[PDB]
Amino acid sequence: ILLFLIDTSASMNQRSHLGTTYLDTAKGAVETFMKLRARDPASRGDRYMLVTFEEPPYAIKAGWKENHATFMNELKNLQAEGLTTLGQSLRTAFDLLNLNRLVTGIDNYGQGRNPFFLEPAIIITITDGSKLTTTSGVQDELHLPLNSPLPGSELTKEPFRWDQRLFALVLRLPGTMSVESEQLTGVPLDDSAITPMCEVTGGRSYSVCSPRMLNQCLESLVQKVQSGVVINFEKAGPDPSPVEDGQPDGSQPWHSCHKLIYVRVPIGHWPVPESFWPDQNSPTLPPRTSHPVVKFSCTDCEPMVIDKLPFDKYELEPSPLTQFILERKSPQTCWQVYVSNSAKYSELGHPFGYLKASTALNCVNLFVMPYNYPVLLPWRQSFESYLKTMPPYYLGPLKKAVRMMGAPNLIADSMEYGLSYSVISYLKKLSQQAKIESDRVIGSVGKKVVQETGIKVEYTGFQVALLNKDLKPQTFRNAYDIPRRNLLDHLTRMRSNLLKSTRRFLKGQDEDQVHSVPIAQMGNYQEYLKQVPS
Amino acid sequence: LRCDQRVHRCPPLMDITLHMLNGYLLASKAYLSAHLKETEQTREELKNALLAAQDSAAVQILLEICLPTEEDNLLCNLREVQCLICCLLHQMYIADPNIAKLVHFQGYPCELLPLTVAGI
């Protein structure tokens with residue numbers, strides 16, 4: 001799923017050095033991105049959406065239940081007229097991407113946080129350089145407005161989601177020559193108000209300066225689409241305890257890269273449950289975070305973990321692997337990882353996995369382990385006392401693995417909270433109704449706005465008409481659509497047309513055809529008694 | 001209305017031609033109303049539009065006849081002819097109030113504005 005955000009604002013009317021405006025260059029770049037992505041044999045399941053800088057009823061051009069034909073037709077007729085309302089457009093796009101999330105089961109907020117339930121989405125937000133306006137002045141903060149929150153959105157406290165990356169294109173093409181071609185293989189950043197918003201999600205922001213640089217950035221962007229598993233790392237709290245082959249001193253601490261969870265839907269178990277201590281009676285649930293604040297500690301702690309535990313291959317995208325490569329990729333050794341923010345009743349973090357590398361030393365495998373592996377792996381009334389340290393709802397998925405061996409547990413203590421189940425079906429129904437109402441009025445514009453609003457300065461109610469583009473005057477049916485110049489000739493033409501008594505008469509003077517004239521479409525409505533047997 | 005063009009400066013012959021024009025317009029209306037019944041052995045809206053456009057064209061031709069010359073304004077054959085044309089246009093507007101609206105939507109040169117308003 002790819003949602004292209006093209007502003008089509010009035011500031012996108014300035015002409016480049018090639019002769020076309022920035023909007024035409026953006027549309028051409030989108031078309032070349034389409035034809036480049038079509039090369040990879042994986043573009044048979046994705047869906048394209050379009051978002052412009054227009055009113056909430058008119059911002060979306062093609063959303064759910066819209067094929068490629070209507071999407072291309074809407075992107076073709078894009079007009080650059082309006083202000084640069086970036087915040088409202090980003091909010092509308094994020095709400096559109098989060099319409100079918102509370103109904104299928106993604107981010108249920110009650111049963112862990114399953115990383116194998118993915119809904120990838122990439123935003124391009126092709127906008128102008130700077131100087132965004134909000135009908136009052138020029139702002140320099142880019143704060144997303146919060147006026148009408150969706151039902152069930154206060155449990156994340158952030159507009160974007162687990163898998164929602166945000167790339168940006170500014171299209172800073174000069175007007176005279178664009179002769180800046182010193183650095184060949186180098187794509188700098190835009191350094192604008194959208195740069196922090198993009199970096200928070202996990203995607204960079206390109207700075208287009210030349211058509212060659214545009215082609216380079218488009219060819220570099222097609223290689224950044226996969227399953228979205230974005231997790232945040234922190235150096236705390238080990239004081240860079242990497243004393244293995246050298247001495248530490250770094251910027252590879254707050255790594256917020258993605259992870260490629262390739263399927264073999266995705267197959268996996270043992271998710272990151274949450275970051276708080278869930279109580280048995282809690283009417284209000286604390287809001288989750290889109291990026292989990294999980295921290296790693298550099299300790300050997302028996303990296304050899306061999307068992308019949310179901311295996312996972314959530315591949316990690318190499319972005320800050322320099323710190324690992326400095327220590328020879330940690331051969332035959334790993335380092336634990338633990339989620340912060342009160343992972344248990346009374347403690348600060350519980351190691352639930354590690355980041356052991358592969359034998360090929362190519363990337364990090366991201367070995368996800370159970371909540372507390374070094375205890376259950378090595379019954380004398382031990383498991384009954386051990387199952388009290390883990391979160392309650394967490395007994396859900398692990399028991400499935402126990403199904404591979406037997407079934408000692410039951411549904412006696414399989415209860416998260418009596419108040420968490422309530423006020424959940426109503427929120428899901430409200431979200432479904434909102435998604436249906438949004439998908440219903442998605443393409444039907446029905447503007448019907450043509451007036452001059454004649455002010456005084458039949459009274460207080462007059463309004464002069466405006467020039468209608470698609471008027472289609474009926475010359476043979478309506479007599480008012482016949483001007484004075486070609487009146488007598490048109491009169492004789494109408495007379496001859498009425499006195500001819502032909503078959504299948506029409507009221508159009510000369511209606512040649514539409515913009516498209518297909519050969520197969522016209523040849524299908526015919527009959528040819530021939531087969532060419534010879 | 002495509003006669004010798006010398007009768008334009010002739011009040012009696014112009015009145016005769018105006019009477020013939022009104023009679024033949026009514027005859028054409030009747031002929032079309034009868035022809036739409038002897039066919040297909042919509043068309044009514046087409047006939048109405050054709051009749052409206054024909055009446056508008058006749059009114060426009062009669063207005064353009066009122067032009068002084070090709071290059072006294074009160075005591076000449078032109079004055080009498082303009083008055084007869086205004087009388088016929090008044091009769092046509094009394095008969096059908098829609099052809100006046102159609103002609104005004106089509107428009108005519110301004111040199112005929114002080115004549116039709118003060119004559120009809």
# chains A, B, ... in the order shown; residues from 1 in each chain; ligands from 1
>>> interface_residues(of="chain A", to="chain B", cutoff="12 Å", atoms="only C-alpha atoms", output="JSON, numbers by chain")
{"A": [474, 475, 476, 477, 478, 479, 480, 481, 482, 483, 484, 485, 486, 487, 488, 489, 490, 491, 492, 493, 494, 495, 496, 497, 498, 499, 500, 501, 502, 503, 504, 505, 506, 507, 508]}
>>> residues_around(residues="segment 9-11 of chain A", least_positions_apart="6", cutoff="12 Å", atoms="only C-alpha atoms", output="list in words")
residues 21, 22, 23, 51, 52, 53, 54, 59, 78, 79, 80, 81, 82, 83, 84, 85, 86, 89, 126, 127, 128, 129, 130, 131, 132, 133, 170 and 171 of chain A
>>> residues_around(residues="segment 384-391 of chain A", least_positions_apart="6", cutoff="9 Å", atoms="only C-alpha atoms", output="PyMOL selection string")
chain A and resi 273+277-278+343-345+371-372+375-376+416
>>> closest_residue(among="B:13, B:115, B:20, B:99", to="residue 79 of chain B", atoms="only C-alpha atoms")
B:115
>>> residues_around(residues="residue 271 of chain A", least_positions_apart="3", cutoff="9 Å", atoms="only C-alpha atoms", output="PyMOL selection string")
chain A and resi 112-116+268+368-371+394+397
>>> residues_around(residues="residue 359 of chain A", least_positions_apart="5", cutoff="10 Å", atoms="only C-alpha atoms", output="PyMOL selection string")
chain A and resi 329+331-332
>>> select_by_dssp(residues="segment 55-226 of chain A", states="strand (DSSP E or B)", output="JSON, numbers by chain")
{"A": [60, 61, 62, 122, 123, 126, 133, 138, 165, 166, 168, 169, 189, 205, 206]}
>>> write_last_selection(atoms="C-alpha atoms", output="PDB file, in the first residue's frame")
ATOM      1  CA  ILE A  60      -8.942  12.367  -0.756  1.00  0.00           C
ATOM      2  CA  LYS A  61      -9.057  11.604  -4.487  1.00  0.00           C
ATOM      3  CA  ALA A  62      -8.664   7.803  -4.531  1.00  0.00           C
ATOM      4  CA  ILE A 122       4.691   4.772   2.542  1.00  0.00           C
ATOM      5  CA  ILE A 123       3.973   8.504   2.249  1.00  0.00           C
ATOM      6  CA  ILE A 126       5.722  15.888  -2.331  1.00  0.00           C
ATOM      7  CA  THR A 133       0.529  29.199   5.143  1.00  0.00           C
ATOM      8  CA  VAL A 138       3.353  31.943   7.590  1.00  0.00           C
ATOM      9  CA  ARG A 165       6.990   5.550   7.081  1.00  0.00           C
ATOM     10  CA  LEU A 166       7.186   9.125   5.792  1.00  0.00           C
ATOM     11  CA  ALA A 168       9.604  13.649   1.563  1.00  0.00           C
ATOM     12  CA  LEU A 169      10.415  15.414  -1.704  1.00  0.00           C
ATOM     13  CA  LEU A 189      18.694  16.333   3.213  1.00  0.00           C
ATOM     14  CA  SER A 205      13.626  13.488   3.461  1.00  0.00           C
ATOM     15  CA  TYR A 206      15.275  13.849   0.062  1.00  0.00           C
TER      16      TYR A 206
END
>>> residues_around(residues="residue 49 of chain A", least_positions_apart="4", cutoff="12 Å", atoms="only C-alpha atoms", output="ChimeraX atom specification")
/A:1-6,30,59-75,93,96-97,121-124,442
>>> select_by_dssp(residues="segment 74-117 of chain B", states="alpha helix (DSSP H)", output="NGL selection string")
:B and (77-95 or 97-106 or 113-117)
>>> write_last_selection(atoms="N, CA, C and O atoms", output="CSV table (one decimal), in the first residue's frame")
chain,number,residue,atom,x,y,z
B,77,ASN,N,-39.1,57.5,-45.5
B,77,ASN,CA,-39.7,56.2,-45.6
B,77,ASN,C,-39.1,55.2,-44.6
B,77,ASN,O,-39.8,54.3,-44.1
B,78,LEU,N,-37.9,55.5,-44.2
B,78,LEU,CA,-37.2,54.7,-43.1
B,78,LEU,C,-38.0,54.7,-41.8
B,78,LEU,O,-38.2,53.7,-41.1
B,79,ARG,N,-38.5,55.9,-41.5
B,79,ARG,CA,-39.3,56.1,-40.2
B,79,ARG,C,-40.6,55.2,-40.3
B,79,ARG,O,-40.9,54.5,-39.3
B,80,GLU,N,-41.3,55.3,-41.4
B,80,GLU,CA,-42.5,54.5,-41.5
B,80,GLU,C,-42.3,53.1,-41.5
B,80,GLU,O,-43.0,52.3,-40.9
B,81,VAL,N,-41.2,52.6,-42.1
B,81,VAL,CA,-40.8,51.2,-42.2
B,81,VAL,C,-40.4,50.7,-40.8
B,81,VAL,O,-40.8,49.6,-40.3
B,82,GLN,N,-39.7,51.5,-40.0
B,82,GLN,CA,-39.3,51.2,-38.7
B,82,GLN,C,-40.6,51.1,-37.8
B,82,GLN,O,-40.7,50.2,-36.9
B,83,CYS,N,-41.5,52.0,-38.0
B,83,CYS,CA,-42.8,52.0,-37.2
B,83,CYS,C,-43.6,50.7,-37.5
B,83,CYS,O,-44.1,50.1,-36.6
B,84,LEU,N,-43.7,50.3,-38.8
B,84,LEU,CA,-44.4,49.1,-39.2
B,84,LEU,C,-43.7,47.9,-38.6
B,84,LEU,O,-44.4,47.0,-38.1
B,85,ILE,N,-42.4,47.9,-38.6
B,85,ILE,CA,-41.6,46.7,-38.0
B,85,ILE,C,-41.9,46.7,-36.5
B,85,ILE,O,-42.0,45.6,-36.0
B,86,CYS,N,-41.9,47.8,-35.9
B,86,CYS,CA,-42.1,47.8,-34.4
B,86,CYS,C,-43.6,47.4,-34.1
B,86,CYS,O,-43.8,46.7,-33.1
B,87,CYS,N,-44.5,47.7,-35.0
B,87,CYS,CA,-45.9,47.2,-34.8
B,87,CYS,C,-45.9,45.7,-34.9
B,87,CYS,O,-46.6,45.0,-34.1
B,88,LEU,N,-45.3,45.2,-35.9
B,88,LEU,CA,-45.3,43.7,-36.1
B,88,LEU,C,-44.6,43.0,-34.9
B,88,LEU,O,-45.0,42.0,-34.5
B,89,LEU,N,-43.5,43.6,-34.4
B,89,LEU,CA,-42.8,43.0,-33.3
B,89,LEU,C,-43.6,43.1,-32.0
B,89,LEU,O,-43.6,42.2,-31.2
B,90,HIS,N,-44.4,44.2,-31.9
B,90,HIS,CA,-45.3,44.3,-30.7
B,90,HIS,C,-46.4,43.2,-30.8
B,90,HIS,O,-46.7,42.6,-29.8
B,91,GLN,N,-47.0,43.0,-32.0
B,91,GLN,CA,-47.9,41.9,-32.2
B,91,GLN,C,-47.3,40.6,-31.9
B,91,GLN,O,-48.0,39.7,-31.2
B,92,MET,N,-46.1,40.3,-32.3
B,92,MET,CA,-45.5,39.0,-32.1
B,92,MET,C,-45.2,38.9,-30.6
B,92,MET,O,-45.3,37.7,-30.0
B,93,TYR,N,-44.8,39.9,-29.9
B,93,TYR,CA,-44.6,39.8,-28.4
B,93,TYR,C,-45.9,39.6,-27.7
B,93,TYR,O,-45.9,38.9,-26.7
B,94,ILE,N,-46.9,40.2,-28.1
B,94,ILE,CA,-48.2,40.0,-27.5
B,94,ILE,C,-48.7,38.5,-27.7
B,94,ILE,O,-49.2,37.9,-26.8
B,95,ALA,N,-48.4,38.0,-28.9
B,95,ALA,CA,-48.8,36.6,-29.2
B,95,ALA,C,-48.0,35.6,-28.4
B,95,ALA,O,-48.5,34.7,-27.8
B,97,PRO,N,-44.8,35.8,-25.5
B,97,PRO,CA,-43.9,36.5,-24.7
B,97,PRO,C,-42.5,35.9,-24.5
B,97,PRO,O,-41.6,36.5,-23.8
B,98,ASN,N,-42.3,34.7,-25.1
B,98,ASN,CA,-41.0,34.1,-25.0
B,98,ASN,C,-40.0,34.5,-26.1
B,98,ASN,O,-38.8,34.5,-25.8
B,99,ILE,N,-40.5,34.8,-27.3
B,99,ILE,CA,-39.6,35.2,-28.3
B,99,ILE,C,-38.9,36.5,-28.0
B,99,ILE,O,-37.8,36.7,-28.4
B,100,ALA,N,-39.6,37.4,-27.3
B,100,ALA,CA,-38.9,38.6,-26.8
B,100,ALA,C,-37.8,38.3,-25.9
B,100,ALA,O,-36.7,38.9,-26.1
B,101,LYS,N,-37.9,37.4,-25.0
B,101,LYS,CA,-36.9,37.1,-24.1
B,101,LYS,C,-35.7,36.4,-24.8
B,101,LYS,O,-34.6,36.6,-24.6
B,102,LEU,N,-36.1,35.5,-25.8
B,102,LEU,CA,-35.0,34.9,-26.6
B,102,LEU,C,-34.2,35.9,-27.4
B,102,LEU,O,-33.0,35.8,-27.6
B,103,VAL,N,-34.9,36.9,-28.0
B,103,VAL,CA,-34.2,37.9,-28.8
B,103,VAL,C,-33.3,38.7,-27.9
B,103,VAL,O,-32.2,39.1,-28.3
B,104,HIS,N,-33.8,39.1,-26.7
B,104,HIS,CA,-33.0,39.9,-25.8
B,104,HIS,C,-31.8,39.1,-25.3
B,104,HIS,O,-30.8,39.7,-25.1
B,105,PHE,N,-32.0,37.8,-25.1
B,105,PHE,CA,-30.8,37.0,-24.8
B,105,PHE,C,-29.8,36.8,-26.0
B,105,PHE,O,-28.6,36.7,-25.8
B,106,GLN,N,-30.4,36.9,-27.2
B,106,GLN,CA,-29.5,36.9,-28.4
B,106,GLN,C,-28.9,38.2,-28.6
B,106,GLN,O,-27.7,38.3,-28.9
B,113,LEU,N,-31.9,50.2,-29.9
B,113,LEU,CA,-32.4,50.2,-28.5
B,113,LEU,C,-33.4,51.4,-28.3
B,113,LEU,O,-34.5,51.2,-27.8
B,114,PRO,N,-33.0,52.7,-28.6
B,114,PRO,CA,-34.0,53.7,-28.4
B,114,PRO,C,-35.2,53.7,-29.4
B,114,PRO,O,-36.2,54.4,-29.1
B,115,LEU,N,-35.2,52.8,-30.4
B,115,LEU,CA,-36.3,52.7,-31.3
B,115,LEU,C,-37.3,51.7,-30.9
B,115,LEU,O,-38.5,51.9,-30.9
B,116,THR,N,-36.8,50.5,-30.4
B,116,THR,CA,-37.8,49.4,-30.0
B,116,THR,C,-38.4,49.8,-28.7
B,116,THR,O,-39.6,49.5,-28.5
B,117,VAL,N,-37.7,50.4,-27.7
B,117,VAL,CA,-38.3,50.7,-26.4
B,117,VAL,C,-39.4,51.8,-26.6
B,117,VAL,O,-40.5,51.7,-26.0
>>> atom_distance(atom1="atom CA of residue 177 of chain A", atom2="atom CA of residue 218 of chain A")
21.2 Å
>>> residues_around(residues="segment 363-366 of chain A", least_positions_apart="5", cutoff="9 Å", atoms="only C-alpha atoms", output="list in words")
residues 259, 312, 313, 314, 315, 316, 317, 318, 321, 353, 354, 355, 356, 357 and 358 of chain A
>>> closest_residue(among="B:21, B:118, B:38, B:65", to="residue 7 of chain B", atoms="only C-alpha atoms")
B:65
>>> closest_residue(among="A:7, A:439, A:279, A:40", to="residue 100 of chain A", atoms="only C-alpha atoms")
A:439
>>> atom_distance(atom1="atom CA of residue 153 of chain A", atom2="atom CA of residue 444 of chain A")
27.3 Å
>>> atom_distance(atom1="atom CA of residue 146 of chain A", atom2="atom CA of residue 56 of chain A")
13.8 Å
